[PDB]
């Protein structure tokens, strides 16, 4: 119900822990 | 199937499948291919050694009159290794039947 | 079917609609026996859904116990991922947006649990952006217990412990079918793939993934918990389970409810609580599904149960499980033309049957509600409905003729007098 | 309507917030690298968040940020619904007319809005900031023909709320982000209780 | 429905009803038609050379029944018989002039016969 | 070795395990109609014209993008396939204007050599016919984007061999378009070589534009000498 | 020089026949006996085309913007 505070969604906890990732390569 | 499609029949397709069959049976000397058209016509492919006697056989009989010579034509066909194609067309008077005689040849 | 129930009790798959909707301390149902479920092998969980036989309540069968075990390679060289849908593409479903409203912790359990059946790497979930206030609570639930170290990357008891990421669309369509969402999560426009490449667990994002619905993995913890011989308690031998229902249209309380398989519509709709239209002695044209199940009139459908095959014994099945009626005030052809009007604004545009074939029907259905010229236009309209079933790709091609063809049945003078009245009006 | 840009603002320009450049690092760390390559759905949404409506130079800004061809940006924002290209207002409001919402008498939550406000159908306000359109398929047809706003939803719309939600927003209030009346949680109403208890002996998982 | 002299029609105030779609050429049995077209500077295509070999013309009239925009019309006037072979080859600036010695003769016969065909 | 005998109309032929139904049926000397397909391009399927009724199945599949399993009976002419090739090529012949007196591909368009052989007899639409607007790109490509049956064939060529990433798809549903959103010109090497690829006469040559129809020419093969590769 | 027609000499200039194959192609040019020259039939590659490999994990064969 708050239009802002997506950094609470994105950058607060999901940036502190991803984890890890390894994410593969796929360079290509 | 519908209107505006030609209604074919099977009675004339039966007897012309019947009549021309025993023609090759009684002269297996000259006849090399017989075929029935899907619209009641007949071809009797003949090597031209028997150009005279097969006509002479259809000249007279008691089961085949065929004395109305209507059409002599000539059709060329290149890429056949024997070019030309003499084709007759004769008519039975008493029986109302059409049959053609396809005889190939070459030039010389 | 059993004893025609399908009752409503507390022994369901819901924690509480009113208990606590924010983040909490996982009091009763959430995280009860956490490490003991994943300590068993996947072969304990593979085939455990066969004890349930959950067909998947998205609108089609092909049960989740089969698509997770079978059509699943072990590994070749590339990872696997999980796609848990959450968006509602059908009109008037509302089965979602209430699960995330008060039960955020239940879904996070079956994510790692259902992924353990596949052995996939991570968990990607997709929510509509327009459900914006409710989606903010979802990351708060990630802040509640996932950020409390309960999950990931070794919690608990084993090395298998992973994450969950949240994405949002804008105005999308890939709720309605899979293999477009795995395309749209890359960044392409959303024009879905062909259906047999290599289907979705062979050819996916860069590597084969799985796609499930909400309750395809939301009931997965508790069906692994209570088990039985209880998941097949209602219904016949074909279908099994207890699904959430939703009631709209003309009723005293348009609301959700909980029932199970094989309940007839005369007792199912009129209970909980009122039938505010003519509950009888009205027309009461019922719609069994969201949109792909057409009108059924006041005949024996009300005594026909809600089995998958019972509506297959009727003219059209329904797995979306939506209830809307049209009794007295609603004109029949007026409402359904607005349903056809709807599909112009959500068709993709790939298939030449779908594109330019829907707006064939759009321009003619607006001609019938107006009331217009001579008949036999109905049959030409009926042949177009008999011309788009299996030519397109997605089920929208099936979702475009089924409301039309079911209107051709059961209603011959729906407009045979109305369009004659306009023909009487000009004459 | 038409979907092109005949060159009014080719370069507005537009820049991002220094608070918002660091948020990209959370976004890029999500995707598997190499095939990451396109995070255009939250990012161009965040550009809509900073500006409100974005120009064509705002489209060209992010193309150098994520090394895609800039033609592959025009494909996205001209497809979806919530992205905007034309200039918009402060309050974007939506009448959720759907076919079961039609059955809940959407005609009442149709006009008597334009007469109340002074605008045209499907049209922005002539003054500043009210823009009114109509949408479909956002959850509850089980509620009234409800009203969507910029960050919430107004369940249980009614002609009193037509005299309220238009009225309170002209004054600058926040008219009840949810069900303003009736059932606050959309409960079964005769089955809303369902014997609220602990769920009958958890611990069946021997199996 | 009597056939005769060739002529060309045009719209209300002059437009060259011909669109040079070449169909009258491909069905002429004597190939009396020869047309070279070109984009005129306004943009719409028109003709440059337009010929009817009135010697060769065998009057199958299929040109009248092949034009979609109904351009060429067999005008019903048997006024003929010049004195050279060099004259009867009609160029374009006979035919528009010959189509504009009269039109009310032509425009009434089409309007009394177009319902049948 | 490494083959499956598939009875194409009840007649055996051995293909590689992993080829297409189109190349199988084209090997035995047949033509299935081709709109969303090209051999020298990639493979999509969004025209849905090739539809063959496979035996022992109630459904109909398209021969563009699917492999071939253990030997089927690819029933080419059926009493249902002709209920499909009539079917799809009735829709796309409606939302289209009445050109070809003036359409410059008027002797070779593939709505004109398919529509006699396949397809229906009359029309039942009977009003409609949306009409989009056109634009200009370069001084070589005469541009009528109205006709544009959206077979996605010029579109992939920008991602194909000519590597200029310039074109796209703008729109949804009935209303989508093909041209560039901005007025950027498109010209490089091979840039005039799209007007062969466009299978209808929506694209054509600018200097050639209004000259002559293609049933009067005399096709004589030769070689050009303006480069060393011939 | 009266119309600009393509009047001409070269009395043959339009003679195309329909042959069956390469075998009797030569045999007709020699049977009447004037000089000639023969091209060769070109059949293309079969070729290897397969959808599904247009979505890669590490390859280059990958389509976009469809």
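As written, the chains take the letters A, B, C, D, E, F and G, and residue 1 is the first residue of each chain.
To be clear about the criterion, contacts are C-beta pairs under 8 Å (C-beta built on N, C-alpha and C of every residue); 3 or more make two chains touch, one makes a residue touch a chain.
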{"item": "Chain pair with the higher count of C-beta pairs in contact (E-G, C-F)", "value": "C-F"}
{"item": "Distance-to-centre winner among chains (Cα means, whole assembly as reference)", "value": "F"}
{"item": "Between chain E and chain C, distance of the C-alpha-averaged centres to the nearest whole Å", "value": "67"}
{"item": "Centre-of-Cα separation between chain F and chain A, whole angstrom", "value": "44"}
{"item": "Chain F and chain G, separation of their C-alpha mean positions in angstrom", "value": "21"}
{"item": "Geometric centre distance via CA averages, chain C-chain A, whole Å", "value": "29"}
{"item": "Touching two or more other chains - residues of chain G", "value": "51-52, 56-58, 64-66"}
{"item": "For chain B, residues that touch 2 or more chains besides their own", "value": "none"}
{"item": "Residues of chain A engaged with two or more neighbouring chains", "value": "1-3, 14, 18, 21, 24-28"}
{"item": "Contact pairs between chains, per stated definition", "value": "A-C, A-D, A-G, B-G, C-D, C-F, C-G, D-F, D-G, E-F, E-G, F-G"}
{"item": "Chain B contact footprint on chain G (complex, rising order)", "value": "17-21, 24, 27-28"}
{"item": "Residue ranges of chain G in contact with chain A within the complex", "value": "56-60, 62"}
{"item": "Residue numbers on chain E that touch chain G, as the complex places them", "value": "34, 49, 51, 86, 89"}
{"item": "List of chain G residues in touch with chain C within their complex", "value": "51-52, 55-57, 64-66"}
{"item": "Residues of chain E defined as touching chain F within the complex", "value": "19, 21-23, 26, 36-39, 45, 68-69"}
